[PDB]
């Protein structure tokens, strides 16, 4: 399948070169997979989600996304126009309040929630969790991400936006999950992207168009935007049967575009997520 005039990041993930604008992908499109977006919520009524999104859990007075961040991330995972995996099922877990903040204890509870809740959902092709959040190093936060991964969920986490070594941030620094840095449309490391040996992969993160609350759209930047590209890619590849939740991060790194990004610090992987789809 070909989506013309796609957001640059979608085009990038199906291309061996920057500077194109069509996204190419197998029509299975993540059908039969599920992606949990652990964030500020998801505006599931957005036409872009086509009934495939739902809120399953909140720790606050509403499950609605009063911020937009979670809706944007969910759109990059799986919206019809802005999403990598256009037929996946999206499940929202609201661990962040409408200001975008959340206590680590709530975030940990949300991760353990997903590890159990997947047993209440139909995801024959596999389960992914996208975590566009983080703060300073916490062994308990890292351990929660490790448990979620161990339970059979492909965990993708943002590296962070500090232009610093991600070893000092959580859950970015957890070795067993997929830690995602951000790149721009010219294949440069995004100016804010964290780096370091703990990163597994880069995805598009600068000037990413996606869904927003109020049935709208907007372009924003962050490792929060790169992470759902990788989460959606994992769901897409699991639906194709090419990899599993336990092996998808390594498979994405195996099959990435290699050595094409600029301003990658010595010791950080130079790997850009790529679907290897041959139309």
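Counting begins at 1 with the first residue displayed.
For all residues, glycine too, the Cβ spot is worked out from N, Cα and C.
The Ca(2+) 1 site recorded in Swiss-Prot includes 175, 177, and the single candidate from 117, 187, 200, 207 that the record places there is 200. Cβ proximity to the Ca(2+) 1 site centre (mean Cβ of 175, 177, 200, cutoff 8 Å) flags the following additional same-chain residues: 157, 174, 176, 178, 179, 198, 249. Rounded to a whole value, the Cα-Cα separation of residue 224 (active site, charge relay system) and residue 39 (active site, charge relay system) is 10 Å. Burial estimate for the recorded positions (39, 200, 260): highest at 39, by number of other CB atoms within 10 Å. Secondary structure at residue 34 (disulfide bond), as computed by DSSP, is strand.
Note on proximity: among 16, 69, 177, 200, 249, the recorded positions of the record, the Cα nearest residue 39 (active site, charge relay system) is that of 69. Among the recorded positions listed (69, 200, 260), 200 has its Cα nearest to the Cα of residue 249 (disulfide bond).
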